[PDB]
Structures are given as structure tokens and as C-alpha cells.
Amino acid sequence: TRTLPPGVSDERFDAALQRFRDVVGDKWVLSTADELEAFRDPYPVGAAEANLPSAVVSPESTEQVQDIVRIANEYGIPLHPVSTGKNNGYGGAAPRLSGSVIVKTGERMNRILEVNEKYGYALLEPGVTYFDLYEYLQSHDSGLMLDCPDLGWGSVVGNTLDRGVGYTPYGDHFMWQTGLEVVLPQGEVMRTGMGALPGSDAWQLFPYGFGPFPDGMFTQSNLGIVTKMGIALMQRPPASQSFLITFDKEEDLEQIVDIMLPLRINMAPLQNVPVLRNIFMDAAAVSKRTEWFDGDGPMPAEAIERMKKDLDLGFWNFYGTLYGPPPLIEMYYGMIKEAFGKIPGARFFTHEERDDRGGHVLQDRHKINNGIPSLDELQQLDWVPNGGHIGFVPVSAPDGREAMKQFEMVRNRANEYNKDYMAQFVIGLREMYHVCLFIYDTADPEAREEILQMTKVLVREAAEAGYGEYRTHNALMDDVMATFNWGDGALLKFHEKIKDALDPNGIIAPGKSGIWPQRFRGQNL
């Protein structure tokens, strides 16, 4: 065929593409199947085609984004805005609504607009990756550090707008977000916070501004195209130390979480964001499945014990990092060794104590936790051939028995659909993100379908136990919004009413987070 926006003829789409070319330059409008292939989900879900873009437009300026949005309103073209488009696990760059035009802001709006060393912040355009920001801070001998997710090729801005997270004390990216500039769905531009007071220098010093705080309405959202975003940057501490605790039993998870909470809730001695990764997650970072089990179905217990023995890891591996003067590091590490020492079999290693293959993960977290971006986690996709992943991430109370129950519910479905269960518990002050990566052969349509069906059952199963996900893939967005339905869907009704108010023609990423504007509500897609 040719992929087209819903309701839009071949003819009117050709016209609108030429309007875009007049705004951005012919170079920067892609509309052919060979050109669009790189903007498909690199980790596709389900057997069938889905989430197909009709074109890709790369603007160079806030002004060009306005003009793009005006043209889109004139023609009823839907727009999916991305920064770097690296949302792998949740859809890649692909739109939720098939036929949408991707607006890749970060291809050319990729400039670092300010890094302020005195007050510790940055003012960024969407194309700035973590690597770009790191090389800038290194170049200018900065005293600041950034906060990055596991992979460095994403966007500081784009990750924030999906409320992603990293692992330093500044790991809640949306919390340290300060000021943004946004083009609203009919082309008007707006600045939040002290940016709305012209001549203020405090756009990136004071988040709230005056009046209703709106910045949160542009995260996991479709109320506009963000063109600038500010973010706080932490001073680098004078030293740091990273550590691993290996735990032998699957059932250790309960005592691990329970001892952790008192050590974490006051942000000391667990100063950073700890991660609790199972042996499958760690083995996937350093080895192929076939090294351990070349056979059929779920991995047997003896192969698991071989994994743990060969890598000298446990079933549960705790990674953390301490910052500050060396005496403060010694004391805190002492408190952490005494507390988790009560769990029989716990073994402790610093980042200076492990140079084997099993310690490759520890060395990678020691980078990530010190604001040094990395791609070594890509090695996880070599667990199986042509590997891809989807993120199933329920929220869990920092309680041992609730975690244990989430672990068991998920592994039981994992086995049923013949998929390994790799887990990374990402631990905040009072909440945990229970990251379930399902790694699968993207060239196998049967595997792709099992992944769709399995995660659709897990969304439902988790919700029936009172567990929701914080973030999800294009293919699960409707399902996941449907679980947040207290008061006969009051939350969704709220978002719809606001969407239709700011977006009367229904242009911006329809269906993002399950939020469709009037003209699409009631169809399949």
C-alpha cells in the first residue's frame, strides 16, 4: 500500500507533504518506505504490522514546529513528536496511531543552550543526548554531573517527558525538570514557570512560577510539542564508591527489600537509586542463553545454578553507589554491610574488588551511577538471536511480601508463554519500579505474538491485584489506562476533556497514554 493518516486522501497528503517541505526543506521530509523503515519500532510487538508512520518531518526551530502544527491542523494530519526517538521497549519512535507523521525535533533541534556552573542547571533542546551532554561537561571541565538511564543514546529532554529515571541522587528526572517551552496543539507557543515573566533569569532556578503548575501535564502526554526544557544538575561529589551484594536464594527478595527500606527512606546510607537485578538480567548482560541452556522451554534449576556459579553472582544482586568524602563512604558502607549481613549468604564487593565477567555489570552501574553514559547494556539483547525487549513495569510498595508476590505472578506467566523473566527493581524512597524485561527474537512472528498476549494478560492480572504500571508500550496504552478507572473512569474523562479543549482538531499523538481526542474516540484505531 501507501500508509496514510486516517481520513486523508493520497492527494491531500501529497499537498501537506509539500507544505512541510516549504517549512523545513526537502531534505528534511521523509515519505518513502525505504526512508521510513528506520522509524519503525526496532522491537516490534505482535505478529501484525502496527504503529506505522506516514512521514518524518525534522524542524530546525521553534518557529518551524509552530508552522508544522498549523499545517497539521489545516489538513487533519496527526503528529507524533519525538526527541531522539529511542523509546526502545515502549515503541521506539513509532506512533501509537498508524498513519501519523513523526515530528523528530531532535535531528536538528540538538543544541545545548546553557550550562550554568554557578547554579547547577542546563537549558536543553530535544536533540541533546546524554552522551552529548557528557562530552560538553567534560570539555568545559565542569564541576557538575548529569543523571542518565541505563543507555546513553536517549534524550535528556525526551526521557524526562516520558518520566524516565536514572540512578544518581537526581534520578527522578521530572522532579529536577525546571521550566519548558511548548508549542500547544493549535500552534501557540508558551513558556512555563519563570520563563513566562519576560526578562527573568530564573527560568531554571524556580520551577513553579505563579498560578497552577502545568509542567506535569506535558509528561506522558499529548498536549503539545516541547521545544526547550530546563533541568537541574547536581555538583559532582569529591569521590564515590559502588558496590554489589549477591544473594543466593530466590526467596531472599523478601528480606532484601525489607532491610533495604529503613536504609533508603532517609536517602542515607543508600544515597543513590539502588537496583536489584536477578541472575537472568545479569547473565543477559554478559552471555547468551545458549551458553547455559541450549534446550526446550523454561530454564532448569541446574542451568540457573550454573549461571550463578560461573559468574559468581546470586539470584538477587543489589547495586548501589555512595558519594562524598572517603570517611563518609566508609561509615555508610559499614552500615550497609551490617544491615544486609543479617541475610545468610550475602557477599559484598566494591567496584575495585571485581574484574571478572560477572562484575561487568557492577562496572557498568558504577559508570551510570556517576553520570557517565554507557551503551554496554545493549549486550542484553544478545541473550537470544535478533533480540529485542518490551518493558512491563508495575509499581510496587517497598515491602518484601508484595515484591515476592509480584515476582511470582510474573514468573508464572513468563513460564506459560515460554519467556525468561529478567527483573530489575528500581528503588525510590517509598516506591519501587519493578522492571520486567522480556527479551525475544524480533524476527520470529510467533515470539512477537506471545509477547503481546503475555503482556496483555499481565496488565490485567497485575491490576486485579491492585498493581498499575508507570509507563508502557504503544500496544498496551489503552489496556493500561483502562486499569486507572476509579470512579467510573474519572481520570480518563478529565484528560479527554482537557485534550479536546487544547486540541479541538485532534492533531497531537492521539491515543498516547490511552487519551484519544473526540474525532477518534469509539473507533478501533
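Numbering starts at 1 and runs along the sequence shown.
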Of 149 to 157 and 411 to 419, the stretch whose C-alpha atoms average the higher B-factor in the entry: 411 to 419
Comparing 64 to 72 with 29 to 37, where is the mean C-alpha B-factor higher? 29 to 37
If I read the C-alpha B-factors straight from the PDB entry, which of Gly371, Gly297, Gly230, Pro212 is highest? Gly297
Based on what the PDB entry reports, which of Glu107, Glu254, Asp162, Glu188 has the top C-alpha B-factor? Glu254
Would the CA B-factor of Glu181 place it in the lowest, middle or highest third of its chain? lowest
Can you tell me whether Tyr323 has a C-alpha B-factor in the lowest, middle or highest third compared with the other modelled residues of the same chain? middle
Ordered by C-alpha B-factor within the chain, which third holds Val57? Give me lowest, middle or highest, please. highest
Sorting by Cα B-factor within the chain, modelled residues only, which third would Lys497 end up in: lowest, middle or highest? highest
For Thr219, return the chain-relative third of its C-alpha B-factor as stated in the PDB record: lowest, middle or highest. lowest
